[PDB]
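Just the one chain here, laid out as structure tokens, in the form deposited in one PDB entry.
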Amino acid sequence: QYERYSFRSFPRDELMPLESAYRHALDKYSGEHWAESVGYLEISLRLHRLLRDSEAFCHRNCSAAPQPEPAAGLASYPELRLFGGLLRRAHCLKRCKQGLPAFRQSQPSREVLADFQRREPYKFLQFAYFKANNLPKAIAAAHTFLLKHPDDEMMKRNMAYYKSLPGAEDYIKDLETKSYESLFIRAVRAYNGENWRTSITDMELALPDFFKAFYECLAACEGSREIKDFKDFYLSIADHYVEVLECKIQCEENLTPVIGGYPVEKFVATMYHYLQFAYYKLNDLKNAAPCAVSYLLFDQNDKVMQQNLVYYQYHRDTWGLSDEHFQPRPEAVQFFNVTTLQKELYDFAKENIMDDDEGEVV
């Protein structure tokens, strides 16, 4: 479903609204036709991926737009400067979104997007693959759906039935996978295989990919809302952001890879722990010290790594270490700043801004 996919050269033959493709796929699925339903569902998946990829490309130029220095008189009016920058950014976004092919079709409704983010089409996909003699693809789709919903009894029954068949035991693959997860898995395997340089290279390749994906996901959460109240200026633009923040809080936990059916808690801390151990085993402390400092930054209350840092600090005149190789890496500092700021803002907002006129039914 994703082998013949290219963001730049997308075949113009299948460019249709996402909702229409999904509707045709479901209609043919209910009509006891399998192959055509499979094709239409795959086309809908490709269209959703193209829409996300296009939305994550028009937020690259606009955010990274160094503003020109304004006149001397404008510096005394901060509100005008802030909102003029906002108008310029909105203009850049509007101009950029008119050149992409995925934004010139009928955009889908919010409920369809919510259903697609919940991995609902994969149930139909796995059943249709089963009814068309595609057992490996069927089990792959079932596993992909199970990755997001770990509490679906029907999926457990279907997957257990799939395991019962012979041969279908090594085709368990994730259809919706990311590069950084594969790099992390390869690095973990290499580290367990007492190989250090390969593990270091793989982890150092995996970190920027995770940060890029995290910031793209954060940028993709600033969407429209449903108008149901008519308040003043600040009181109304401080509720759109409350919904946006409710969406943003879960981006960190929606990106963590799952291994063995359990998500790897403290992903970035685990990354830096592995990097620190690997770097120390090579006696290259110039790079080992900042990794330890970053791991302290993410997990303050440790015991063994604090005594490690004591050893590095007290014996700084043994290998050669300046006063600069004792501070966290800039990317870790930025990640910590963003996560802590978002959590603090949500904690503040859910005491003074959020309305209290709903309760719990007993």
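In case it trips you up, residue 1 is the first one in the sequence shown, and so on.
Only in words, not in the display: the form solved in complex with a partner chain, which the text now covers.
Residue-level contact is defined here as any heavy atom of the residue lying within 4.5 Å of the partner chain in the deposited bound form; does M154 satisfy this criterion?
Answer yes; at least one heavy atom of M154 falls within 4.5 Å of the partner chain in the deposited bound form.
Using a 4.5 Å heavy atom cut-off, state whether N158 contacts the partner chain in the deposited bound form.
Close contact exists here: in the deposited bound form, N158 approaches the partner chain to within 4.5 Å, heavy atoms only.
State yes or no: in the deposited bound form, is some non-hydrogen atom of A35 no more than 4.5 angstroms from a non-hydrogen atom of the partner chain?
Taking the distances in the deposited bound form, the answer for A35 is no, it never comes within 4.5 Å of the partner chain.
Does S322 reach the partner chain in the deposited bound form if we count a contact as any heavy atom within 4.5 Å?
Contact with the partner chain, no.
Can you work out which of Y279, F267, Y191, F127 has a heavy atom no more than 4.5 Å from the partner chain in the deposited bound form?
It is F127.
Could you tell me which one of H273, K123, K137, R186 places a heavy atom within 4.5 Å of the partner chain in the deposited bound form?
Contact with the partner chain in the deposited bound form is made by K123 alone.
Just to confirm the contact call: exactly one of 307-315, 40-48, 24-32, 289-297 touches the partner chain in the deposited bound form at a 4.5 Å heavy atom cutoff, so which is it?
Every other range fails; the passing one is 24-32.
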